[PDB]
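Presented as structure tokens, the chain that follows is alone, the form deposited without hypoxanthine.
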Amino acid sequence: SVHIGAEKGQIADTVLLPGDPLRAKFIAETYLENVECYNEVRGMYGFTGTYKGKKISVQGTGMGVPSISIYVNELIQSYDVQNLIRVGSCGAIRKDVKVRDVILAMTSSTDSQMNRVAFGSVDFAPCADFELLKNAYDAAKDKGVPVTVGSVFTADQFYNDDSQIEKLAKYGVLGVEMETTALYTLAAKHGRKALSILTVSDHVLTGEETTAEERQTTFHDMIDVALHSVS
């Protein structure tokens, strides 16, 4: 791994994938036991520890398809990671979706060219691993966390003058985020299992917005679901 300063063996078979390396640090220190930091390259922290006896890693991915693609490719190809669960944030694009709602993404649309590069005329629809998604859905029931299950939009441009969020929302899309298409596509291509669990961090229609700090350290429900679903 050009971008991960770890030795083979230091990363668990199951990895949680926030975009924010400081959230990775918060998750690891708040939820895991006997935490070791295996990566500090580019400040993109990665940690390994235990949750109720099961080994779990937590790896920052950065923002956007290209950043997450680097980390996910390295985790799969160099570290033999099997289960990859993004624990991210998203902007709500529908009135019925509220700030702090937890979303389980079945699939994601995108304006990244990554799949057109591979398929040309084909629209490739990425797909969550159903087993992971079902386990998350059951974990949410166990933990009393309401979840919304549906699709999201993986944006390349956070500030997009040509945004089609209005049409995407009319087509049922719940929220905008920046990573899921890459995670789902790369995991499937390599026969690994992926899922994106998202917390709504802001509402694109109303302007309601959580702070940087809130995003870093207060989205506890999605971590509860993620960790309970794998253990």
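Throughout, we count residues from 1 along the sequence that is shown. Heads up, when I say rigid core I mean the largest set of C-alphas that superpose within 1.5 Å between the two forms.
Omitted here: the form solved in complex with hypoxanthine. The next part is about that form.
With a 4.5 Å cutoff on heavy atoms, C90 counts as touching hypoxanthine in the entry with it bound.
None of the heavy atoms of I56 is located within 4.5 Å of hypoxanthine in the entry with it bound. Proximity of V176 to hypoxanthine in the entry with it bound: non-hydrogen atoms within 4.5 Å are present. Taking the partner from elsewhere, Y137 is found to have every heavy atom lying beyond 4.5 Å of hypoxanthine in the entry with it bound. Residues placing heavy atoms within 4.5 Å of hypoxanthine in the entry with it bound fall in a single listed stretch, namely 199-207, out of 45-53, 186-194, 199-207, 26-34.
Comparing the forms between the shown form and the other one on their rigid core, the Cα displacement of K25 stays under 2 Å. For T210, the Cα coordinates differ by 2 angstroms or more between the shown form and the other one after the core has been superposed.
Distance between the C-alpha atoms of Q216 and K25: longer by at least 3 Å in the entry with it bound than in the displayed form. Relative to this form, the distance between the C-alpha atoms of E29 and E213 is increased by at least 3 angstroms in the entry with it bound.
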